[PDB]
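What the coordinates show
Residue-level listing of the chains:
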Amino acid sequence: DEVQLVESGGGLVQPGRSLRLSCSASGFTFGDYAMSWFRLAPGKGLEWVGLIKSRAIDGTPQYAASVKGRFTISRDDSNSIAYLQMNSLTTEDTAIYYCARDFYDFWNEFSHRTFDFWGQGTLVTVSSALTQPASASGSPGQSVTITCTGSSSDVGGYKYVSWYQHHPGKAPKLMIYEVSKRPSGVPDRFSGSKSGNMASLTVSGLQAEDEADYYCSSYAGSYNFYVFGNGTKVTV
């Protein structure tokens, strides 16, 4: 099959309005995985919106301070489809909204930490925390290093630092997880590392396809869950 996530429902909407985003999964046994909603907004970086776990765990959804009380996340295990309900939409809510699968099933110890298989996202336009060097460049074949500096409560408190690669209009993609692991099919020239409060990505032997925006993320404990950097344009 392949794992596929398709988010729908976005569009130009007037303020204070309500909108439901759908995410239809395929290719895995939907019921066994947390599903997380993320947001990419211009000027801001990537943001965690909320999380719903497998019903084999609790299922009670967790949201983020921002949307805490006006968004509501939901699942339909019978049709393998997660939902994001948005209420009282302000223009500061305009963004691309992404759907995500926990890297593991509810069985695994390391569940509820890393997310993968992001969809393309659906754009919502409404009418009317980790430090990351803005830019980096190199020549093809040369090396490059990206920094992601957070605090004790995030990068330096855990072994859950991810890096995503983002091409405009395309689904963000896991390059590195758990600080230094390469998912299946990420070339060993992408390298993860950390020390204290600062993580590092290293792209050895650059390539034309390697020119992208690179976002870093860390688990940030029970209260904040996730946090991101503002992204880095690598230019080859």
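- Its PDB header names X-ray crystallography as the technique used to obtain the model and reports a resolution of 2.60 Å.

With respect to the overall build of the protein
- Scanning the protein from terminus to terminus reveals 1 helix and 20 strands.
- Scaling as 2.2 N^0.38, a compact globule of 236 residues should have a C-alpha radius of gyration of about 18 Å, and the protein matches this with 17 Å.

Describing the sheet that holds strand β7 (residues 71-76)
- Here 4 strands make up an open sheet; going across it, the order is β1-β3-β8-β7 and the pairing antiparallel. Only two strands of the sheet have a single partner each, and these edge strands are β1 (4-8) and β7. Within the sheet, the average angular offset between the axes of one strand and its neighbour, ignoring direction, is 15°.
- The pairing of β1 with strand β3 (residues 19-26) spans 5 bridges and is classified as antiparallel. Bridging from a neighbouring strand, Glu7 pairs with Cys23 of β3.

Considering the packing of aromatic side chains
- Summed over the entire model, instances satisfying the criterion amount to 23 aromatic pairs.
- Consider the rings of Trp48 and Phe225, whose centres lie 4.8 Å apart with planes at 40°: the pair is tilted.
- Overall, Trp48 belongs to the buried group, its relative accessible area being 4%.
- With a centroid separation of 6.5 Å and 85° between ring planes, the pair formed by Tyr160 and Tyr219 is classed as edge-to-face. Of this pair, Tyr160 sits in the loop between β13 (144-149) and β14 (161-166) while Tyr219 sits in strand β18 (residues 213-219), and the two are 59 residues apart along the sequence.

Considering the domain arrangement of the protein
- By the assigned domains, the protein splits into domain 1 (4-126) and domain 2 (135-229).
- With centres defined by C-alpha atoms, the gap from domain 1 to domain 2 works out at 22 Å.
- Each partner contributes to the interface: domain 1 provides 19 residues, whereas domain 2 provides 18 residues.
- For the side of domain 1 that touches domain 2, the element with the highest residue contribution is strand β5 (residues 46-52), accounting for 4 residues.
- Taken together, the residues of the side of domain 1 that touches domain 2 break down into 11 nonpolar, 5 polar and 3 charged.

Here's the deal with the pattern of salt bridges
- For the coordinates displayed, the defined rule picks out 10 salt bridges.
- For the salt bridge of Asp188 with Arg182, the shortest nitrogen-to-oxygen distance reads 2.4 Å.
- Since its relative accessible area comes to 61%, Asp188 is described here as exposed.
- What makes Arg182 partly exposed here is its relative accessible area of 28%.
- One network of salt bridges, with partners in common, ties together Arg39, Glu47, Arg70 and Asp93.

A look at the nonpolar core
- Within the largest apolar cluster, 26 residues are counted, with the highest numbers of intra-cluster contacts made by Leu21, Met35, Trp37, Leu84 and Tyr97.
- Among the secondary structure elements, those contributing two or more residues to this core are β3, β4 (35-40), β5, β7, β8 (81-86), β9 (95-102) and β11 (122-126).
- In terms of residues, this core owes the most to one element, β3, which gives 4 residues.
- Of all hydrophobic cores here, the second largest spans 23 residues; its members include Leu130, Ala136, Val186 and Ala199.

Let's talk about the side chain of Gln165
- Its place among the elements puts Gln165 in strand β14.
- Apart from the residues within four sequence positions on either side, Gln165 is in contact with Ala171, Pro172, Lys173, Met175, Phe190, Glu209, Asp210, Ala212, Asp213 and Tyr214.

Some details on the state of the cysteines
- Per the stated rule, a full pass over the model turns up 2 disulfides.
- With a sulfur-sulfur separation of 2.0 Å, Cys23 is cross-linked through a disulfide to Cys99. Linking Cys23 and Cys99, the disulfide has an S-S dihedral of approximately -90° and is accordingly described as left-handed. Placement of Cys23 in strand β3 and of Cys99 in strand β9 is noted, with a sequence separation of 76 residues between them.
- On the basis of relative accessible area, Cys99 is assigned to the buried category, the value being 1%.
- A sulfur-sulfur separation of 2.0 Å characterises the disulfide bridge that pairs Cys148 with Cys216. The chirality of the disulfide connecting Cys148 with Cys216 is right-handed, given an S-S dihedral of about 60°. Of the two residues, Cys148 sits in strand β13 while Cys216 sits in strand β18, which places them 68 residues apart along the sequence. Exposure class is identical for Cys148 and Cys216. Each is buried.
- The connectivity of the disulfide-linked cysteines in the protein, indexed sequentially, is 1-2, 3-4.

Reading the values: rules and limits
- Residues numbered from 1 in each chain as written, not as in the entry; some residues may be left out.
- Heavy atoms only, no water.
- Residues with missing side-chain atoms left out of burial classes, pairs and counts.
- Helix = DSSP H or I, 4+ residues; strand = E, 2+ residues; numbered from the N terminus.
- Rg over C-alpha atoms; globule rule 2.2 N^0.38 Å.
- Pairing = 2+ DSSP bridges.
- Axes fitted to C-alpha atoms, helices over the stretch in contact; angles between N-to-C directions.
- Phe/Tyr/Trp six-rings, centres within 6.5 Å; stacked < 30°, edge-to-face > 60°.
- Buried < 20%, exposed > 50% of the residue type's maximum accessible area, 1.4 Å probe, protein only.
- Domains from an automatic or database assignment.
- Contact = heavy atoms within 4.5 Å.
- Nonpolar A, V, L, I, M, F, W, Y, C, P; charged D, E, K, R; others polar.
- Salt bridge = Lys/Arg side-chain N within 4 Å of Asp/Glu carboxyl O.
- Core = buried A, V, L, I, M, F, W, Y, C linked by side-chain atoms within 4.5 Å.
- Disulfide = S-S within 2.5 Å.

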